[PDB]
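A single chain comes next, written as structure tokens; it is the form deposited in one PDB entry.
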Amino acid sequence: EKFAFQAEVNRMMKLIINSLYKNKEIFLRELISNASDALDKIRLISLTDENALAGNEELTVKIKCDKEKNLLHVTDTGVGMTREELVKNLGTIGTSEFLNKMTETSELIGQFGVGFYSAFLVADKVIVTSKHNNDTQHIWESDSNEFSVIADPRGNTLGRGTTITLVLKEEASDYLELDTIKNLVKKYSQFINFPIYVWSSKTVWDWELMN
């Protein structure tokens, strides 16, 4: 259940963090982009697999702030990841060129698709809960010094998809405020082909479409 990151990933995390230290709000853009890509994947799979969406009929991205618990959640109903894929996609990585280029960054991060790691700019801990059609629900967690993957004792709660949960750093508290999040979500979801919602307040509470 316990794993060490590949050397290349450790180097990558430091590069990403040291480069975007002055543009931290970009992590949200990357998580939303990853979510969109995951949704494109299942949409493609559904063209050839009629039962592809049986675990969850919607294709959405839902974001909610848990201020009390100091958590930010970004959930998509994309293709999801099996246990082996969580370990492979998040723990390992022409990567040498990218790194060479990085060390020698915002646009490059998005192009190589390693924007996930920018979450460490605002979080002391990142948790990834995922359910893929070929596996049971699992949880990946990391403080960046190592990571672990365990079967989710809550069972299959996602249906299908992935939830990125960020335990925000003391100084990243602003990202728990609806205004801030709504504002950022609207900016980075403008060109996403899937509907993105934010659990917001009007005091009654409900999902609010951002794009």
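Just so we're on the same page, rigid core means the largest C-alpha set that superposes within 1.5 Å between forms. Heads up: residue numbers just count along the shown sequence, starting at 1.
This protein has a second form, the form deposited in another entry, left out of what is shown; the following refers to that one.
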Worksheet item: Is it true that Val114 shifts between the shown form and the other one by 2 Å or more at the Cα, once the core is aligned?
Response: yes
Worksheet item: For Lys187, is the CA shift between the shown form and the other one at least 2 Å following rigid-core superposition?
Response: no
Worksheet item: Rigid core fitted, is the C-alpha displacement of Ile16 between the shown form and the other one 2 Å or more?
Response: yes
Worksheet item: Would one find the Cα atoms of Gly113 and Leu39 closer or farther in the other form than in this form, where their distance changes by 3 Å or more?
Response: farther
Fill in: Shift in CA distance, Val128 and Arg11, in the other form relative to the form shown here, given it is 3 Å or more
farther
